[PDB]
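One structure below.
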Amino acid sequence: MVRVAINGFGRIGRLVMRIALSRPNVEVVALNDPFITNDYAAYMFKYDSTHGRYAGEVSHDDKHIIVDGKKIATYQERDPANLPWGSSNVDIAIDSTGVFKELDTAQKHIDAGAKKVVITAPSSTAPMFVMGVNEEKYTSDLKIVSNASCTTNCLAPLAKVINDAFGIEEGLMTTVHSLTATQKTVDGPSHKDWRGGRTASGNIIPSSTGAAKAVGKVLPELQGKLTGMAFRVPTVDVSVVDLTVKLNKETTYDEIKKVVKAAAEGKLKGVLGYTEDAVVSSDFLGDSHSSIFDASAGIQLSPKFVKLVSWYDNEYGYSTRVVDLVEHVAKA
Amino acid sequence: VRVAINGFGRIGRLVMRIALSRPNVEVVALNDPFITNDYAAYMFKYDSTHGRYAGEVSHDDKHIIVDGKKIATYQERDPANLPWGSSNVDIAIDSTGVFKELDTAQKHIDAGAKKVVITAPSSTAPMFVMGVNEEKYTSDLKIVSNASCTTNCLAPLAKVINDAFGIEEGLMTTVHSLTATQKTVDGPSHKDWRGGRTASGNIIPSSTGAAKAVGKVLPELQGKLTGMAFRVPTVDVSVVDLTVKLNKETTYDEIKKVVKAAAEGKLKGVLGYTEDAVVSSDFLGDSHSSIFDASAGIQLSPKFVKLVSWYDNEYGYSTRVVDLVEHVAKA
Amino acid sequence: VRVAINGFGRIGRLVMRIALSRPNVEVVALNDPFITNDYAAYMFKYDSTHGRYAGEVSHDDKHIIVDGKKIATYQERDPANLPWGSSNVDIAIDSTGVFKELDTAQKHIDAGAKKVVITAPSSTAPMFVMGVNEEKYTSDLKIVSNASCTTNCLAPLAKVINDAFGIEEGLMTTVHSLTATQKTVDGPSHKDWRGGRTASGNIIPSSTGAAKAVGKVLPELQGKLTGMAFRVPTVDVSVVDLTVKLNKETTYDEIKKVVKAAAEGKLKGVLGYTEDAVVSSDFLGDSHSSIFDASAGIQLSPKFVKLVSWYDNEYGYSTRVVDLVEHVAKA
Amino acid sequence: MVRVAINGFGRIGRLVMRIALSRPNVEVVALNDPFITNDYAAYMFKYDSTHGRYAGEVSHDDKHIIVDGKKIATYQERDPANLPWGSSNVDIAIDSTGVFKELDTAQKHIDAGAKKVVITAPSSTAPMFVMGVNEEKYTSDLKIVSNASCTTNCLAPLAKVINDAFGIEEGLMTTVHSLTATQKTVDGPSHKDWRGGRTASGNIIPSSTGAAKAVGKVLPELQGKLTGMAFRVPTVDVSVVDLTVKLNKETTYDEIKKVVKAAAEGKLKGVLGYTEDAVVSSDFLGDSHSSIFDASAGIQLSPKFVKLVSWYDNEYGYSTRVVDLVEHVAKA
Ligand SMILES: NC(=O)c1ccc[n+]([C@@H]2O[C@H](COP(=O)([O-])OP(=O)(O)OC[C@H]3O[C@@H](n4cnc5c(N)ncnc54)[C@H](O)[C@@H]3O)[C@@H](O)[C@H]2O)c1
Ligand SMILES: NC(=O)c1ccc[n+]([C@@H]2O[C@H](COP(=O)([O-])OP(=O)(O)OC[C@H]3O[C@@H](n4cnc5c(N)ncnc54)[C@H](O)[C@@H]3O)[C@@H](O)[C@H]2O)c1
Ligand SMILES: NC(=O)c1ccc[n+]([C@@H]2O[C@H](COP(=O)([O-])OP(=O)(O)OC[C@H]3O[C@@H](n4cnc5c(N)ncnc54)[C@H](O)[C@@H]3O)[C@@H](O)[C@H]2O)c1
Ligand SMILES: NC(=O)c1ccc[n+]([C@@H]2O[C@H](COP(=O)([O-])OP(=O)(O)OC[C@H]3O[C@@H](n4cnc5c(N)ncnc54)[C@H](O)[C@@H]3O)[C@@H](O)[C@H]2O)c1
Ligand SMILES: OC[C@@H](O)[C@@H](O)CO
Ligand SMILES: OC[C@@H](O)[C@@H](O)CO
Ligand SMILES: OC[C@@H](O)[C@@H](O)CO
Ligand SMILES: OC[C@@H](O)[C@@H](O)CO
Ligand code: NA
Ligand code: NA
């Protein structure tokens, strides 16, 4: 229809559902989340501390949540291979659990009867696509794909614009990133990421990230030319990339602005935004762009050495791109 | 007294810090099946709320080491298997939250510990609050509970007020710092839906049995108190707001005089007293159970008054755990 | 009704947003001697708490412009000089906090406005709270106050409870979001020492006259209520925790039934009612004065109960300012 | 003695006083702050939301605050030229108001009878000094000096070490900075810095900063080679610099670490620190270093292009350097 099902009803799953319910040609057929019951699901969907109450009627019955009359079947399988995606006629299963992110594990949705899978996270084996960057490379024989990460969606469109116009010799990126669900409210155990265990709302927390390197997977011409790191900070949503790049061709910051603005208003419209206003992170809450270039924050030291700044609602911008990729794959 | 700690969360770690500075307490062992020794040493050394441990912290294959004291570590999901017998543990301190009843805390005694202190309220293990009813501890009790941080804040003040003026009944609210059970962004919390909501961006109502539990350590107030909590985004330090109906007419100055005499007297180091313009961060690291805030309280009529008392919900309480350990060893 | 706003802080700006969506209100003018027009347009368009204005905002040499409506701006430290007469202003809305008494608010009438609404409690100007005593407004009153956000939250609930069960007396606490008077890091606040302390890292006790002021809009409760506040790090939305002694024995279900009937009936849009597992962020942008939280409240005995009600201290109150403006114009 | 007086009893003034009271050869003779009375001053000094209660007895009498027996005279002049610095025999007035930061205005303390002035902020006209970087350039004929800013104190010692060993061709810096007193608790007026007016604890807030350029004033060899920007975030204290540098000589990240560690343990001891642990910002609360290199957070993309990370308690590290500069100037 395209008919979709959502696996995992966390931050991304619930917002992907909000957005999908608003797309006329997307039908949300079901959701699966083993960690929450049907009445609880309707509560989590209705109330949102970051993005406000759902603007629509939410209720539930025995086996569904109901949103403005649309019934969405719920399930609670830990193992997605046991889901009824075949008899529910699911075209695309959207996996937002962060747990079935490889070809051999996302394959479980296709085994369960879905025709294709979109993974809402970077993958080492599933081909990655970023709207505005390489979605045109998608072909219909690929049944399992990745939408990369929020940070890669922010960085890649900007990197493409800059590379096309001036050439990126190399670049180092920092993202100052809002806190996320993997973090802890007070110092607790996080054996895979020790800094990530520390009180989230009372610290600046360095973290490694593969997001800048992954740009090289969606733009092969930048393979090996980008890397970066992150600092997690106490804001609840919205993040910003700070990309320090060495350019091949001398340029002025004024020319950089005009090229980004022209791409924002042209071919990357709705993906890359542009502003000259005195913005701060909360001004992008609910913003559906992948990347909003902040022209006034950036700074140029020399004709080929510049620091560029771009904002992103890491929850809402990314969830919109997920639904965009779903619809692209369905029309292709 | 030789102790072992089960659980190495906020309470387990701070109890360890405090225990290492008490000359009559020897920390023999720590159990936490989550963490490895290197990570345990890290979690112990660095603390976002109470600062770096001021001593040398290291580790080896079988221990974490603090200023030369080797602390043996184990990783037993089931405390029954722990080497308490062969470690000559006198008291097992269980800070996991999981073995908080007589029949589960027994696993430490089966493992050879002589006694157990549970760092949480219990339905079945007798509760004690220092300055309130630790006198009632008798040496035949092998398993006991130190109640909760909120009960330790409310009970000493309630005793003082009840003994002097009579509490007919009272409704309490605690404005409480966020806790480890909360979530950084709205996530699943099936037993406490409000508690799943973004911790640092909400005021979050919660139920609490702390006021009711005062009735267990002060039987004369059974049925006379109840209350509720609001969890807010500060990282530590909480405050009780107790609204009481009194049996005897009083003035707020007489209330202040009585609480201060108690803080300076029999409840010294448990109940504190201030008239200064304090805010929550002024009690970070404070070892009192309850610090009465004289200037914040307000009396509407001779038998109806709102009393306010602060507590470092981590540090005050962890200090009382070690106090109760020593009392149970000297008794 | 043609209105002018004095002051362009949190209340001034939100009153402007709400007023621009009321078809019977025309915003003629704004005064704030701090800001220039370009900056006024920016402060109006972007809002960290309530989002971007959903309309086009621009400015020129003498105006800020919102979806084609030109709003004349002035910069007069002394409202006496403002062109209210020659702007045919019916009601001057003073949100500065500075001209909150009869003899100072008079400056707007001297400048030619017909009437004034002061968006703060006043010692001398009569106070009105919608759903509580706006019926008592008489058209000869030129200068009136809309009380405070906390009074607007407490008074409608107190009226409902008092009318049904009788309030003998009550002590209130509000857990209140931080406000513009607070400081980002410990700094000078000579009139309110606790209020100078780092806003986002403390629970901060504060005094409030809001409960006492209920006695001004409901004379039958004069002397029967008082209370205090704790300011905490959330950016907006507050909650009242009202502990009342009742005249008539009741059950908590009868209390719920009465408040719900009122919320669905005569107090619709002023007092709301919920049983859901809400937290503060669920009322961001809510236009009610008071949302009774049925599941958070707790009854200890038949005449002693704790009632809980939420309020968006910016948005609910700004909505009531515009309601009172229109009521005073239709009266 | 050296005898000092403090002008301005804000974050820096109060912490400079805590530290000075602990230095045996520094005598704190007086403080001036027109915006607060004597009993209030004693309260602000005793209680601190960030750095805890003063460990010592604090009281007051009519005209002094008293700390562990030491009486410190208080004053309330808006115009520092009216202070009794001559009859109080003040050797060094420390101006921490952020308001008397030029030669011609700091001069007021010398007119009032102080022999020298140390300004606790960057200055356009007073010569700037950073301990560990160029304090040796101080000569006794200079009566009015600046200790630069906290960010410059963090960046300059690291920049010196890196430049000496590998040569800095150019560098772009970001500081992720804790909130400060100039910021607002909820959106309010800040006509000189519009982004700076926005709710401080609910936003990431870009800001311009001259701190990276100012490194060129204390290290002339780096004049024109550095610039940067800042993001203010909701933590209450402790900041971190993220310095992206182009090097003249190829190197490995491993060699960079060994050079920084050797400087931290040698000539820059107590100014530049070094760690390999999984630290987060709150681990540096109360830390007296200007700069603590975070070896595990940094990342190198190529042999001459690296991102380095260094922490600083912007309040406490800087206030310690103020007292250090005061004592250097007194012994010189
Ligand atoms: N939140 C962001 O800023 C953001 C941005 C871009 C990408 N992502 C990616 O999206 C994915 C989800 O992130 P999130 O922030 O929504 O996390 P989340 O914790 O908010 O949601 C994860 C959800 O999956 C559910 N779940 C866990 N195991 C499951 C299983 N076995 N079957 C079905 N459901 C299961 C959990 O109950 C939880 O509700 C992650 O991979 C994350 O990296 C997140
Ligand atoms: N922190 C407070 O404000 C506070 C105050 C007083 C009492 N308490 C009580 O103390 C208990 C712990 O609270 P906390 O804040 O320390 O939680 P926490 O998350 O900080 O610590 C709990 C720790 O126990 C460990 N653990 C879990 N299961 C275990 C098991 N099977 N065996 C050994 N270790 C295990 C976990 O890894 C975790 O680190 C709770 O019952 C709580 O009610 C908490
Ligand atoms: N914000 C709330 O939660 C809340 C709720 C209800 C009522 N109120 C009341 O409304 C009043 C304003 O509060 P706020 O939060 O809007 O403060 P605010 O700081 O956000 O706004 C006050 C504004 O008034 C302007 N101003 C100051 N003096 C002026 C004058 N001479 N002439 C014109 N403008 C002037 C200032 O520039 C400032 O921007 C206070 O009295 C407060 O008690 C506040
Ligand atoms: N806080 C930091 O992280 C930090 C770090 C490095 C440098 N600095 C610099 O130190 C200076 C002070 O910063 P702060 O953070 O202490 O600010 P603050 O607001 O905390 O302190 C400034 C104090 O000066 C007082 N004051 C204002 N005018 C005065 C005058 N006329 N005479 C006497 N006192 C006056 C104010 O009452 C206030 O208490 C600023 O220039 C700042 O840039 C601050
Ligand atoms: O289950 C329906 C939903 O709208 C919420 O009321 C929360 O329980
Ligand atoms: O200084 C000791 C510290 O490095 C360890 O405890 C954790 O890494
Ligand atoms: O979009 C309008 C906005 O730019 C101004 O109101 C402030 O800069
Ligand atoms: O004025 C003395 C000081 O120690 C504090 O008690 C706060 O008033
Ligand atoms: Na010991
Ligand atoms: Na209108």
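Residue numbers begin at 1 in each chain, while the letters A, B, ... track the order of the sequences. Remember, it's 1-based here, ligands and their atoms both numbered in the order they're listed.
- Proximity of D/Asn32 to D/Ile6: side-chain heavy atoms (C-beta onward) are nowhere separated by under 4.5 Å.
- Taking 4.0 Å as the cut-off, C/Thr179 does not count as a neighbour of ligand 3 on heavy-atom distance.
- Looking at D/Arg14 and D/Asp33, no side-chain N of the basic residue comes within less than 4.0 Å of a carboxylate O on the acidic one, giving no salt bridge.
- Classified by interplanar angle (parallel below 30°, tilted 30° to 60°, perpendicular above 60°), the ring pair D/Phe100/D/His109 is perpendicular.
- Ionic pairing of D/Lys108 and D/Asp95 is not present here: no N-O contact between side-chain nitrogen and carboxylate oxygen is shorter than 4.0 angstrom.
- Using cut-offs of 30° and 60° for the angle between ring planes, the C/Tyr39 and C/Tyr42 rings count as parallel.
- Of all atoms in ligand 4, numbered sequentially from 1 with element shown, those under 4.0 Å from a heavy atom of D/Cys150 are 5 (C), 6 (C).
- For atom 16 (O) of ligand 4, the candidate residues are C/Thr184, D/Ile12, D/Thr97; the nearest heavy-atom contact is made by D/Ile12.
- Nearest protein heavy-atom neighbour of atom 1 (O) of ligand 8: D/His60 ND1, 3.5 Å.
- Taking any N or O of C/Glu314, backbone or side chain, none lies under 3.5 Å from an N or O belonging to ligand 3.
- Listed for the D/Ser291 side chain is no donor-acceptor partner under 3.5 Å among the backbone atoms of D/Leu155.
- Per-atom contact check: atom 24 (O) of ligand 4 touches the protein, criterion being a heavy-atom distance below 4.0 Å.
- Of the protein's heavy atoms, none falls inside 4.0 Å of atom 43 (O) of ligand 3.
- Near C/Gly7, meaning under 4.0 Å from one of its heavy atoms, ligand 3 places the atoms 24 (O), 33 (C), 34 (N).
- There is no protein heavy atom less than 4.0 angstrom from atom 40 (C) of ligand 3.
- In summary, the atoms of ligand 4 found under 4.0 Å from a heavy atom of D/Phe9, numbered by their order in the structure, are 39 (O).
- An N or O contact shorter than 3.5 Å is missing between D/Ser149 and ligand 4 by distance.
- With hydrogens left out, the protein atom closest to atom 32 (N) of ligand 4 is D/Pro34 CD, 3.5 Å, a heavy atom.
- The nearest protein atom to atom 9 (C) of ligand 3, hydrogens excluded, is given as C/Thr119 O, 3.4 Å; this is a heavy-atom distance.
- Side-chain N/O atoms of C/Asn37 and C/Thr73 include a donor and acceptor closer than 3.5 Å.
- Looking at D/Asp187 and D/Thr199, their side chains do bring a donor and an acceptor atom within 3.5 Å of each other.
- Near C/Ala120, meaning under 4.0 Å from any of its heavy atoms, are these atoms of ligand 3: 41 (O).
- Nearest protein heavy-atom neighbour of atom 31 (N) of ligand 4: D/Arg78 O, 3.5 Å.
- Remark: the D/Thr235 side chain and the D/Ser281 side chain contain no N/O donor-acceptor pair separated by less than 3.5 Å.
- Polar contact with ligand 4: present for D/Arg11 (N/O pair, distance under 3.5 Å).
- Ligand 3 places these atoms under 4.0 Å from at least one heavy atom of C/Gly97: 41 (O).
- Residue, atom and distance of the protein heavy atom nearest to atom 22 (C) of ligand 3 are C/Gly9 CA, 3.6 Å.
- Judged purely by distance below 3.5 Å, without hydrogens or angles, the side chains of D/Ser149 and D/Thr151 never pair a donor atom with an acceptor atom.
- Residue contacts with ligand 8: D/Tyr43 is placed with no nitrogen or oxygen under 3.5 Å of a nitrogen or oxygen of the ligand (distance criterion only).
- Annotation: atom 28 (N) of ligand 4 to nearest protein heavy atom, D/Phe35 CE1, 4.0 Å.
- Checked by atom type and distance alone, the side chain of D/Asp193 never pairs as donor or acceptor with a backbone atom of D/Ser190 at under 3.5 Å.
- By the 3.5 Å distance cut-off applied to N or O atoms, C/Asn313 is counted among the residues near ligand 3.
- D/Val58 O, 2.9 Å is the protein heavy atom nearest to atom 4 (O) of ligand 8.
- Only the side chain of D/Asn7 comes within 4.0 Å of ligand 4, judged by heavy-atom distances.
- Judged by the 6.0 Å and 45° rule, D/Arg11 forms no cation-pi pair with D/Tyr316.
- Against a heavy-atom cut-off of under 4.0 Å, D/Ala42 is close to the following atoms of ligand 8: 1 (O).
- Nearest residue to atom 37 (O) of ligand 3 from C/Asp32, C/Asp78, C/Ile5 is C/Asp32 (criterion: closest heavy atom).
- Atom 5 (C) of ligand 8 has as its closest protein heavy atom B/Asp276 OD2, 3.5 Å.
- For the ligand labelled ligand 3, residue C/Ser95 lies inside the 4.0 Å heavy-atom shell.
- The shortest contact between atom 17 (O) of ligand 4 and any protein heavy atom is with D/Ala181 CB, 4.2 Å.
- Under a 3.5 Å cut-off, the side chain of C/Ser95 and the backbone N or O of C/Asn6 do form a donor-acceptor pair.
- Cation-pi geometry between D/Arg78 and D/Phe35 is met: under 6.0 angstrom from the ring centre, within 45 degrees of the axis.
- Heavy-atom contacts of C/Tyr317 reach the following atoms of ligand 3: 6 (C), 7 (C) (cutoff under 4.0 Å).
- A side-chain N or O of D/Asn314 and one of D/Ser239 form a donor-acceptor pair less than 3.5 Å apart.
- The pair D/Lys46-B/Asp276 does not count as a salt bridge, with every side-chain nitrogen at least 4.0 angstrom from each carboxylate oxygen.
- Looking only at atom types and distance, the side chain of C/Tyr311 has a donor-acceptor partner in the side chain of C/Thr174 under 3.5 Å away.
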